[PDB]
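Structure file data_5.txt (compact mmCIF, C-alpha atoms) follows.
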```
# COMPACT_ATOMS: atom_id res chain seq x y z
CA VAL A 2 -103.82 27.10 -21.43
CA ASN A 3 -101.53 24.20 -20.67
CA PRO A 4 -102.54 21.99 -17.78
CA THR A 5 -100.38 21.22 -14.81
CA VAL A 6 -100.76 17.94 -12.93
CA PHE A 7 -98.65 16.55 -10.02
CA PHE A 8 -97.59 13.18 -8.60
CA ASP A 9 -96.57 12.77 -5.00
CA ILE A 10 -94.04 9.98 -4.91
CA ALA A 11 -93.37 7.36 -2.22
CA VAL A 12 -90.50 4.94 -1.68
CA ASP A 13 -91.48 1.79 0.19
CA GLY A 14 -94.52 3.75 1.43
CA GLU A 15 -92.42 6.73 2.66
CA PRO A 16 -93.20 10.14 1.12
CA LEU A 17 -90.37 11.37 -1.14
CA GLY A 18 -91.69 14.55 -2.69
CA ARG A 19 -93.78 16.02 -5.45
CA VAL A 20 -93.14 16.16 -9.19
CA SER A 21 -95.30 18.40 -11.32
CA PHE A 22 -95.67 18.51 -15.10
CA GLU A 23 -96.79 20.81 -17.81
CA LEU A 24 -98.98 18.94 -20.34
CA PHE A 25 -98.69 20.43 -23.84
CA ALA A 26 -102.33 20.54 -24.71
CA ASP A 27 -101.47 23.37 -27.07
CA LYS A 28 -99.74 20.90 -29.34
CA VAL A 29 -100.97 17.41 -28.31
CA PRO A 30 -104.54 17.96 -27.02
CA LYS A 31 -105.63 14.32 -27.18
CA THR A 32 -102.46 12.89 -25.61
CA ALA A 33 -102.35 15.65 -22.99
CA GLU A 34 -106.02 15.09 -22.00
CA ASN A 35 -105.41 11.36 -21.53
CA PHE A 36 -102.64 11.93 -19.04
CA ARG A 37 -104.55 14.73 -17.29
CA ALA A 38 -107.66 12.58 -16.86
CA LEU A 39 -105.59 9.58 -15.65
CA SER A 40 -103.88 11.79 -13.13
CA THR A 41 -107.12 13.22 -11.65
CA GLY A 42 -108.88 9.83 -11.83
CA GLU A 43 -112.04 11.51 -13.06
CA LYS A 44 -112.90 8.51 -15.33
CA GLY A 45 -112.97 5.94 -12.50
CA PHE A 46 -109.43 4.64 -13.17
CA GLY A 47 -105.99 6.31 -13.27
CA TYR A 48 -102.44 6.68 -11.96
CA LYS A 49 -103.13 6.96 -8.30
CA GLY A 50 -101.61 4.06 -6.46
CA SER A 51 -99.72 2.78 -9.53
CA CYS A 52 -95.95 2.14 -9.43
CA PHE A 53 -92.90 2.97 -11.50
CA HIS A 54 -92.01 -0.58 -12.44
CA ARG A 55 -89.00 0.18 -14.57
CA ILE A 56 -86.17 2.66 -13.95
CA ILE A 57 -82.84 2.84 -15.74
CA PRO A 58 -80.43 5.51 -14.45
CA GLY A 59 -79.05 7.71 -17.19
CA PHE A 60 -82.12 6.91 -19.30
CA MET A 61 -85.67 7.27 -17.88
CA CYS A 62 -88.32 6.33 -15.31
CA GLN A 63 -91.35 4.40 -16.61
CA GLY A 64 -94.79 4.19 -14.96
CA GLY A 65 -98.43 4.30 -16.14
CA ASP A 66 -99.21 0.61 -15.96
CA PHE A 67 -101.94 0.96 -13.43
CA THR A 68 -103.62 -2.38 -14.26
CA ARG A 69 -100.78 -4.90 -14.30
CA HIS A 70 -98.01 -2.93 -12.59
CA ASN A 71 -95.31 -4.47 -14.73
CA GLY A 72 -95.34 -3.10 -18.23
CA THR A 73 -97.95 -5.49 -19.66
CA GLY A 74 -101.05 -3.40 -18.84
CA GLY A 75 -102.66 0.04 -18.62
CA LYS A 76 -105.25 1.70 -20.85
CA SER A 77 -106.13 5.13 -22.21
CA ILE A 78 -109.34 7.06 -21.58
CA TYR A 79 -110.29 6.36 -25.23
CA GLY A 80 -110.06 2.59 -25.37
CA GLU A 81 -107.25 0.06 -24.99
CA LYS A 82 -105.08 2.19 -27.33
CA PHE A 83 -105.08 5.39 -29.33
CA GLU A 84 -103.13 6.74 -32.32
CA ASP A 85 -99.86 8.66 -32.24
CA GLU A 86 -101.26 12.22 -32.26
CA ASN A 87 -98.09 13.73 -33.81
CA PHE A 88 -94.36 14.10 -33.38
CA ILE A 89 -94.09 17.85 -33.34
CA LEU A 90 -91.99 17.67 -30.16
CA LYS A 91 -88.50 16.11 -29.87
CA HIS A 92 -86.88 14.35 -26.91
CA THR A 93 -84.51 17.20 -26.25
CA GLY A 94 -83.35 16.31 -22.78
CA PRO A 95 -84.03 15.27 -19.18
CA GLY A 96 -87.49 16.22 -17.95
CA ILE A 97 -89.26 15.23 -21.13
CA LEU A 98 -92.57 13.34 -20.73
CA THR A 99 -93.21 10.97 -23.59
CA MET A 100 -95.57 8.01 -24.19
CA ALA A 101 -94.53 4.36 -24.08
CA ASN A 102 -95.83 2.15 -26.90
CA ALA A 103 -95.42 -1.22 -28.56
CA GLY A 104 -95.52 -0.11 -32.13
CA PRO A 105 -97.37 2.45 -34.23
CA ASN A 106 -100.65 3.75 -32.85
CA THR A 107 -100.56 1.74 -29.51
CA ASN A 108 -100.59 4.48 -26.85
CA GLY A 109 -102.29 3.32 -23.68
CA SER A 110 -101.33 4.85 -20.30
CA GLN A 111 -97.61 4.10 -19.86
CA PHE A 112 -95.03 6.86 -20.20
CA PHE A 113 -91.41 7.74 -19.72
CA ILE A 114 -90.01 10.59 -17.81
CA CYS A 115 -86.59 10.93 -19.42
CA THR A 116 -83.51 11.59 -17.32
CA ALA A 117 -81.34 12.16 -20.37
CA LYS A 118 -81.57 13.28 -24.03
CA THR A 119 -83.15 10.38 -25.89
CA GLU A 120 -83.29 11.65 -29.44
CA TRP A 121 -83.55 8.17 -30.90
CA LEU A 122 -87.18 8.10 -29.80
CA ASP A 123 -88.03 11.08 -32.01
CA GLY A 124 -90.80 10.38 -34.50
CA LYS A 125 -91.42 7.05 -32.64
CA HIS A 126 -92.89 8.24 -29.34
CA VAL A 127 -95.25 11.15 -28.74
CA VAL A 128 -93.63 13.80 -26.49
CA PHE A 129 -96.57 15.42 -24.65
CA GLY A 130 -95.25 17.29 -21.62
CA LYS A 131 -92.24 18.00 -19.41
CA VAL A 132 -91.33 18.16 -15.72
CA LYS A 133 -92.18 21.61 -14.34
CA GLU A 134 -91.05 21.23 -10.67
CA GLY A 135 -89.49 18.44 -8.66
CA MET A 136 -86.97 17.30 -11.28
CA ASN A 137 -84.98 16.56 -8.16
CA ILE A 138 -87.60 14.17 -6.90
CA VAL A 139 -87.29 12.40 -10.25
CA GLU A 140 -83.51 12.33 -9.76
CA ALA A 141 -84.09 10.75 -6.35
CA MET A 142 -86.41 8.11 -7.77
CA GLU A 143 -83.80 7.44 -10.45
CA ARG A 144 -81.33 6.15 -7.89
CA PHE A 145 -83.60 3.16 -7.02
CA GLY A 146 -83.32 1.90 -10.58
CA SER A 147 -80.77 -0.46 -12.15
CA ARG A 148 -79.20 -1.50 -15.40
CA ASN A 149 -81.92 -3.95 -16.24
CA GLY A 150 -84.65 -1.61 -14.99
CA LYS A 151 -85.69 -3.43 -11.83
CA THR A 152 -86.28 -1.14 -8.78
CA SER A 153 -84.51 -1.89 -5.50
CA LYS A 154 -87.28 -0.15 -3.59
CA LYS A 155 -90.95 0.25 -4.35
CA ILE A 156 -91.67 3.55 -6.19
CA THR A 157 -95.32 4.62 -6.27
CA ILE A 158 -97.67 7.47 -7.02
CA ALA A 159 -99.23 7.89 -3.60
CA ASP A 160 -101.41 10.69 -4.99
CA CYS A 161 -101.83 12.70 -8.13
CA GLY A 162 -104.17 15.30 -9.51
CA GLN A 163 -104.49 18.63 -11.28
CA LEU A 164 -102.97 21.68 -9.79
CA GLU A 165 -104.55 23.56 -12.61
```
In structure tokens, what does this structure look like?
Amino acid sequence: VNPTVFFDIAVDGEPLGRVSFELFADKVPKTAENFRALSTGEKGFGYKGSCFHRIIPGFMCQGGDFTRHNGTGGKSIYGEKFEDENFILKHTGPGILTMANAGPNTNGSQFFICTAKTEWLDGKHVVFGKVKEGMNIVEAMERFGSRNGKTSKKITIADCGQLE
């Protein structure tokens, strides 16, 4: 049944706390597996060490760009990009884990953790999980963001993996 993975977050190299996520493999197997594998690193590349390069309070935290650290990079475990699996799930509120993209069928490795209801993304972005514990750590991250998204401190995934 549904996998759980975690990220331990750091701020300027100082441990903050752990966020953990349920990945909805029961409804988005392919999109779930991508995130799971990136989190454990089992493919030889993944989230560990990457940063959250874009954070907008009241909206979301974005990370996943583990190759260019700035929104222009990242890749999936399938190839540069894979299809939108489906849109069964709707951005219903804070906590939601959904994929970033640059158009139809362009899912790589980037994602948003929403800090608010973002229903306008429905049918555009694949929701594939949600925060399970540490929503508060995400709320602490959120404070280092800004209106244009730039972080005032350096937010990173010091470690990540599968809890089970």
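Atom CA of residue 92 of chain A lies 18.4 Å from atom CA of residue 106 of chain A.
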Fill in: Protein/DNA/RNA residues near (-97.6, 4.7, -16.8), cut 12 Å, all atoms listed in the file, as a ChimeraX atom specification
/A:8,35-36,39-40,47-56,62-77,98-102,108-114,157-158
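Proximity to residue 25 of chain A was assessed for A:153, A:143, A:103, A:37 counting only C-alpha atoms; the smallest distance is recorded for A:37.
If you measure from each of A:28, A:133, A:154, A:125 to residue 105 of chain A using all atoms listed in the file, the closest one turns out to be A:125.
Residues with any atom within 10 Å of residue 27 of chain A, counting only C-alpha atoms and excluding same-chain neighbours fewer than 2 positions away, are residues 2, 3, 4, 24, 25, 29, 30, 31, 33 and 129 of chain A.
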Writer output for current selection, C-alpha atoms, as a compact mmCIF listing (two decimals), keeping the file's coordinate frame:
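Writing done, so here's selection_37.txt:
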```
# COMPACT_ATOMS: atom_id res chain seq x y z
CA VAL A 2 -103.82 27.10 -21.43
CA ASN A 3 -101.53 24.20 -20.67
CA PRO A 4 -102.54 21.99 -17.78
CA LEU A 24 -98.98 18.94 -20.34
CA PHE A 25 -98.69 20.43 -23.84
CA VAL A 29 -100.97 17.41 -28.31
CA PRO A 30 -104.54 17.96 -27.02
CA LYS A 31 -105.63 14.32 -27.18
CA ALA A 33 -102.35 15.65 -22.99
CA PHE A 129 -96.57 15.42 -24.65
```
Item to complete: With a distance cut-off of 7 Å and all atoms listed in the file, select the neighbouring residues of residue 7 of chain A, excluding the residue or stretch itself and same-chain residues fewer than 4 positions from it, and output the selection as a ChimeraX atom specification.
Response: /A:19-22,161-164
Discussion item. Please determine, counting all atoms listed in the file, which residue among A:107, A:58, A:130, A:148 has the shortest atom-to-atom distance to residue 93 of chain A.
Written reply: A:130
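Pairwise distance (atom CA of residue 32 of chain A, atom CA of residue 88 of chain A) equals 11.3 Å.
Taking atom CA of residue 124 of chain A as the reference point, atom CA of residue 86 of chain A is found at 10.9 Å.
If only C-alpha atoms are the atoms counted, then among A:87, A:147, A:5, A:116 the closest residue to residue 128 of chain A is A:87.
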